[PDB]
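Notes to accompany the following structure.
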Amino acid sequence: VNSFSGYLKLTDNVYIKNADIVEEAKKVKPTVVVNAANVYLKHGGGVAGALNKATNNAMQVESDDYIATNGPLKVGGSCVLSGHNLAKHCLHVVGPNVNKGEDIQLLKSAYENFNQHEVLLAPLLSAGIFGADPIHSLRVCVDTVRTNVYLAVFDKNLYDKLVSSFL
Ligand SMILES: OC1(CNc2ncnc3[nH]ccc23)CCSCC1
Ligand SMILES: [Cl-]
């Protein structure tokens, strides 16, 4: 039993809600919140910009030190950093950005990072400004993640379409 509330159950381990991931994180304070990161951990917009703003830019400061030490992530890769005021940890995961020409096949590799964590609050990878089809992202999530994932979908119209079309 956990403290996530109001989710629709899609499968044994995947749940979905119409919610702002920032507000969800502030309420639940989960062990792991997933960021929709880019390889440079430049949290300018989308989910990343919103999560960073909620940390008063502390996420960006920590991320800049991480990159200065380690260099960029790989597309499909991840790193674990602090969750600041939002969660214990933030798992920064880089899905392919279709608006950059990146291979959508890397979406499965990105979701594999979730399997290293028993429970996560997450957005749909490569959705929104990363330009992939969110219906496709949900399918890859369900077919790849085996740990317990609570998906927050900001857009109510999109949430309803994802539910209604789910196979
Ligand atoms: O959910 C997405 C990604 N974007 C966000 N998701 C959750 N919380 C968020 N807060 C700010 C942005 C944001 C992908 C699925 S379709 C609707 C958009
Ligand atoms: Cl977005």
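Going through the structure tokens in order, the chains are called A, B, and so on, while each chain numbers its residues from 1 and the ligands are numbered from 1 in the order shown.
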Please provide the set of residues having any atom within 10 Å of residue 156 in chain A, restricted to only C-alpha atoms, with same-chain residues fewer than 4 positions apart removed, written as an NGL selection string. :A and (17-19 or 160-162)
Written selection (C-alpha atoms) as a PDB file, in the first residue's frame:
ATOM      1  CA  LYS A  17      -4.015  10.052 -13.538  1.00  0.00           C
ATOM      2  CA  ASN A  18      -4.814  13.478 -14.957  1.00  0.00           C
ATOM      3  CA  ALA A  19      -2.528  15.538 -12.754  1.00  0.00           C
ATOM      4  CA  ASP A 160      -9.093  10.935 -21.673  1.00  0.00           C
ATOM      5  CA  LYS A 161      -7.790   9.844 -25.086  1.00  0.00           C
ATOM      6  CA  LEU A 162      -5.039   7.709 -23.533  1.00  0.00           C
TER       7      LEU A 162
END
Can you write out as CSV which residues of chain A fall within 10 Å of ligand 1, alongside each residue's closest atom pair and its distance in Å to one decimal, counting only C-alpha atoms and all ligand atoms and ordering rows by chain and ascending residue number?
residue,atom,partner,partner_atom_place_in_ligand_line,distance
A:17,CA,ligand 1,7 (C),9.6
A:18,CA,ligand 1,7 (C),8.3
A:19,CA,ligand 1,8 (N),6.5
A:20,CA,ligand 1,8 (N),4.2
A:21,CA,ligand 1,8 (N),3.9
A:22,CA,ligand 1,10 (N),5.8
A:23,CA,ligand 1,10 (N),8.3
A:24,CA,ligand 1,8 (N),8.5
A:25,CA,ligand 1,8 (N),9.7
A:35,CA,ligand 1,7 (C),9.5
A:36,CA,ligand 1,3 (C),8.0
A:45,CA,ligand 1,12 (C),8.0
A:46,CA,ligand 1,12 (C),4.8
A:47,CA,ligand 1,12 (C),3.7
A:48,CA,ligand 1,12 (C),7.4
A:49,CA,ligand 1,11 (C),7.5
A:50,CA,ligand 1,11 (C),5.2
A:51,CA,ligand 1,10 (N),7.2
A:121,CA,ligand 1,7 (C),9.9
A:122,CA,ligand 1,7 (C),7.6
A:123,CA,ligand 1,6 (N),4.9
A:124,CA,ligand 1,14 (C),4.6
A:125,CA,ligand 1,14 (C),6.9
A:126,CA,ligand 1,14 (C),7.3
A:127,CA,ligand 1,14 (C),4.2
A:128,CA,ligand 1,18 (C),4.6
A:129,CA,ligand 1,3 (C),7.7
A:130,CA,ligand 1,3 (C),8.8
A:131,CA,ligand 1,14 (C),9.6
A:132,CA,ligand 1,14 (C),9.1
A:133,CA,ligand 1,16 (S),8.4
A:134,CA,ligand 1,15 (C),5.4
A:135,CA,ligand 1,15 (C),8.3
A:137,CA,ligand 1,15 (C),8.1
A:138,CA,ligand 1,15 (C),8.4
A:151,CA,ligand 1,7 (C),8.1
A:152,CA,ligand 1,7 (C),5.1
A:153,CA,ligand 1,1 (O),3.7
A:154,CA,ligand 1,7 (C),4.4
A:155,CA,ligand 1,17 (C),4.8
A:156,CA,ligand 1,17 (C),7.9
A:157,CA,ligand 1,17 (C),8.6
A:158,CA,ligand 1,16 (S),5.4
A:159,CA,ligand 1,16 (S),6.8
A:161,CA,ligand 1,16 (S),9.5
A:162,CA,ligand 1,16 (S),8.4
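Nearest-residue note for residue 117 in chain A: choosing from A:148, A:11, A:97, A:38, the minimum distance belongs to A:148, counting only C-alpha atoms.
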Go through A:66, A:112, A:6, A:43 and flag the residue nearest ligand 2, using only C-alpha atoms and all ligand atoms for the distances.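 For ligand 2, the nearest of the given residues is A:43.
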Can you list, as an MDAnalysis selection string, every protein, DNA or RNA residue that comes within 9 Å of residue 83 in chain A when you count only C-alpha atoms, leaving out same-chain residues fewer than 5 positions away? chainID A and resid 29:33 55 59 88:91
Using only C-alpha atoms, find the one residue out of A:149, A:120, A:163, A:63 that sits nearest to residue 12 in chain A.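 Residue with the minimum atom-to-atom distance to residue 12 in chain A: A:149.
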Would you please give, as a list in words, all residues of range 96-152 of chain A that DSSP assigns to strand (DSSP E or B) based on the backbone?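 Output for range 96-152 of chain A, strand (DSSP E or B) only: residues 119, 120, 121, 122, 148, 149, 150, 151 and 152 of chain A.
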So that I can check the surroundings of residue 108 in chain A, please list as a VMD selection string every protein, DNA and RNA residue that reaches within 10 Å of it, counting only C-alpha atoms and ignoring chain neighbours fewer than 4 positions away. chain A and resid 76 95 to 96 104 112 to 113 125 137 139 to 141 143 to 145
